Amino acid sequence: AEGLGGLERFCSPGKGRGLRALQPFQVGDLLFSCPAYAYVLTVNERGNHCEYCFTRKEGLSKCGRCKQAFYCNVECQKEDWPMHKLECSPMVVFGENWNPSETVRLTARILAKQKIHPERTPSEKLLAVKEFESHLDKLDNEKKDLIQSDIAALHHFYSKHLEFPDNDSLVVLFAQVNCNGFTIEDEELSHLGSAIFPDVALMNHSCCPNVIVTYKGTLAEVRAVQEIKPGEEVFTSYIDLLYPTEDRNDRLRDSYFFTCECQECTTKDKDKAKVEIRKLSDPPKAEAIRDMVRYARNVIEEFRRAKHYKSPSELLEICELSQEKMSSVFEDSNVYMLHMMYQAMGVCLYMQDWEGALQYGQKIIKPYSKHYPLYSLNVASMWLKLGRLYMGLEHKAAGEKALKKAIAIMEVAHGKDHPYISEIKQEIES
C-alpha cells in the first residue's frame, strides 16, 4: 500500500518537509486530489454556493433556523449540520454583533473535526494537521497579539459547542492555520472561502511552480503546469506572482517565515520588466525610481485599507491619481500601474460600468501574460473575465477568442472534464 501514488513525503534541505515525485508527470497531469479536512464558505457568497459542497446553483433551499446557510437539498443540509451547528444558533443569538474573522471560523471547524474524527482522515495520507508547521519560535509580539485576538474571538463566538485546549495549543493551532491554510477561489479568482488541505499543505513554495492547486467544490486538486521528472520536488505558489522579487519575499518572510531561493528570486529576470520605467529624454534618476517604488508600494496598502472606508468614485479617483503620478516615472506595463488598473477595473465591475472595466482589462491582459507563468489562473481568469465581458456586450468574436485563451490554460490547470470548462464551452455555443 501507498498513501499517495507516484509521490512521497521527504525532507527537503533548507525547506523542512516536502513532496517529491516518484514517477514522471506531464503538463496537465493530475498528481493527486485531497478532500477538505475543514472548510468555510465566505459570508458574501452565502446563497450563491452550497455550504456543504460549494455547488453554485440557483434556488438553493435555506436553513429554517438561521436563514443564512443555503443548500442544494436536505442531504447537503444534514451532512453539513455538525459544522453549521457551530454558527447556526449564534448568528441568531448574536445578531449583526456576529462578526468572527474567517480564520476564526475555520479554526472552530478544525477544532470540531478534531473532536469528531481524531484518527487520520483521507485528507491526511502524507501529512496530518497535528504535524503542521507553526513557526511559534519566530512569531513576534504583534503577530502574537493578533493570534490572541483571534483566540479571544473564538472563545467569544464559539464557546458553547466546542471544548477548548489550553491557550498554547490554540496559539499553535492558529499559527499552523496561518502557514498551512488555503483560500478557495472560483474560476475568476473571486474569494469563496477558506480551507485546510493537509496533503496539499505538504508542498513547498516556488515563484516558478510546477503544479497548480485548483478546486472542485471542496475537493482540492493538484495538476502539473510544467514537466515533472521522477525525484523532482513538487512546488506550488502560496502567493500572487505578479509582484517583484522583493515584494514577494517581503510577503513570504512576513507570512511564512522564509525567503524564497527559486530561480526567479535568484536571477530576478522578470523584475526589470515588472518594474519597467518609461524611456524618456532625461531619464529618471535612480533615487526618484526608488522613491516611486516606495510610493507605489505605499499606495498599495493605502488602497487596500481604503476599500473599507471609501466610496467607489473615490477609490477610482485614488487609482486615476496614483496612475497619473506614477506615469511620470513608470511605463504602463509596470506592475504597480497594473495593480491600480486592475483595482480600477474591479471598481468599474462593481459600479456595473462594463465598458470601463473592459477598457481596463484590455489594457491589463498583455502585460499580465508576460509577468505571470505560462499557465496561470491569474491570466486565465483575466481572459475569462474579458471574454464574459465581450460576450455580455454582444462582441462574440473577441468573446470567443478570449474564452479560448482562458480555456487553453484552464484545461491544463483544472483538467478537461472540470465543470467550469464545460460551462465556458457552453457559453461559446450561445
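Numbers follow the displayed sequence, beginning with 1. Here, rigid core means the biggest group of C-alpha atoms that superpose within 1.5 Å across both forms.
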* Asked: C-alpha RMS from this form in 6 other deposited structures of this protein, rigid core superposed: larger for 159 to 167 or 100 to 108?
  -> 159 to 167
* After fitting on the rigid core, which stretch moves more in 6 other deposited structures of this protein, 216 to 224 or 302 to 310, going by C-alpha RMS? -> 302 to 310
* Mean C-alpha B-factor higher for 55 to 63, or for 379 to 387? -> 55 to 63
* Comparing 82 to 90 with 233 to 241, the one whose average Cα B-factor in the PDB entry is higher -> 82 to 90
* To do: Among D353, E96, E264, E227, single out the one with the highest C-alpha B factor in the record, please.
  => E96
* Structure fact -> In this crystal structure's PDB entry, the residue among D291, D247, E133, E187 with the greatest CA B factor is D291
* To do: Tell me, lowest, middle or highest third: where does the Cα B factor of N48 rank within its chain?
  => highest
* To do: Would you check the entry's CA temperature factor for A69 and let me know if it's in the chain's lowest, middle or highest third?
  => highest
* To do: Sort the modelled residues of this chain by their C-alpha B factor and say whether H395 lands in the lowest, middle or highest third.
  => middle
* Third of chain Cα B-factors occupied by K401 -> lowest
* Which third, lowest, middle or highest, does the CA B-factor of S123 fall in along this chain? -> middle
